[PDB]
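Quick heads-up: it's one chain on its own, the form deposited in one PDB entry, in structure tokens.
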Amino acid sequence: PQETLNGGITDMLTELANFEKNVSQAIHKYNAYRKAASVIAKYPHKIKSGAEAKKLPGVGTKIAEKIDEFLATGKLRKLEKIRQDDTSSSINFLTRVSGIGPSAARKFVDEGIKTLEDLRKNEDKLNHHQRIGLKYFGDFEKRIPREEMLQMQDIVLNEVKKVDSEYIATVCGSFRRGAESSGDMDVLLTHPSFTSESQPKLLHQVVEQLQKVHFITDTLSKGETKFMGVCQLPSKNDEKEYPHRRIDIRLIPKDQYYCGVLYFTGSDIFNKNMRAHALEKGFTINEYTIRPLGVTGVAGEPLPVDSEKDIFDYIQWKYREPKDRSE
């Protein structure tokens, strides 16, 4: 369905969502508004009334009422009011810096730190993550075209193999499902030496090599199993440089790797659907394992998994290609 159908409604609900999550600190209302916006985005008719919307799951009495106001007047009084409120619009805005959540945004605005410029003058008050988020504010809000994702994957897979040819690495996310663009890069890493029953430098060696070839440019956080940072493709002699990009790398034990690859490939609705069907066949699937449920619901030991297909086989599903996992 294109924007012209119900765009005004879904923009409104998304705006309301953000203020719940950044100003009111009401995460479940944020998700309620997002759920409503998405079920409306998939509705293939221009909505004529709130009552019509209320038949969709996730739209209830209050959003129906809102839609009625929006349809009759072309706006929402409460949203118009909050939009012009200097304090709340600043809190909302500051959370677009990665590392600034609702709490940090709230304290900054309470101190009169309201703009990107203000944060720039107050680096003393920013932790490491927030400084990186500030430095790359614009680049982090850009999407990554798939051709660049392919070039980034070339580097990651080459450097990983160079460190140890027994590493296994998979770029997941919507990119693995064929997406034409991405918001970041999500890399899943394992090694045969690393199981649930088994070194503390497996992740570090890969991060270090990616830094040595100057692909990784900054680190947001890094422990023994998860790295979150910044990377940039190299630019040619005269060309404009590429944007800095968000990259996460996680090291998963080999016996949980393909459950991990399944989960972080998605989509989210595909994941819900697969887990629902697994319950009906007597299995519980999470990020890490698939386990049988006993007749009284008691989970057994994780089942051995050596491919994504093994998981599909356990639950009597035909193997779905990543490109066919939109739901």
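From 1 onward, residues are counted along the sequence shown. Superpose the two forms; the largest set of C-alphas matching within 1.5 Å is the rigid core.
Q199 dropped from a third or more of the other entries of this protein: Other entries vs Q199: at least a third skip it.
Gap size, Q199 back to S198 (deposited sequence, no coordinates): Gap size class: 1 to 3 residues without coordinates, per the record.
Residue range whose averaged C-alpha B-factor is higher in the record, 240-248 or 209-217: Higher mean C-alpha B-factor in the PDB entry: 240-248.
Between the two ranges 26-34 and 296-304, the one averaging a larger CA B factor in the entry: Mean B over CA atoms: larger for 296-304.
Deposited CA B-factor, highest of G50, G260, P44, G58: Of the options given, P44 has the highest CA B-factor in the PDB entry.
Ranked C-alpha temperature factor of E69 among modelled chain residues, by third: As the PDB entry reports it, the C-alpha B-factor of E69 lands in the lowest third of its chain.
For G99, the third of its chain into which the C-alpha B factor falls: For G99, the deposited C-alpha B-factor lands in the lowest third.
Record-listed C-alpha B factor of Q316: chain third: For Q316, whose C-alpha B-factor we compare with every modelled residue in the chain, the answer is the highest third.
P192 CA temperature factor, ranked by third within the chain: CA B-factor rank for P192: highest third.
B-factor third for the C-alpha atom of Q232 within its chain: CA B-factor rank for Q232: middle third.
A second form of this protein, the form deposited in another entry, is not displayed here; the remarks below concern that form.
Core fit, then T73 C-alpha moves 2 Å or more between the shown form and the other one: Yes; that C-alpha moves by at least 2 Å between the shown form and the other one.
Rigid core superposition, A26 Cα moves 2 angstroms or more between the shown form and the other one: Superposed on the core, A26 moves its C-alpha less than 2 Å between the shown form and the other one.
Sense of the change in Cα distance from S165 to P304 in the other entry - at least 3 Å versus the shown form: Farther is correct, given that in the other entry the C-alpha spacing of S165 to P304 is increased by at least 3 Å.
Distance trend in the other entry - C-alpha atoms of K309 and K161, change of 3 Å or more: Compared with the shown chain, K161-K309 is farther in the other entry.
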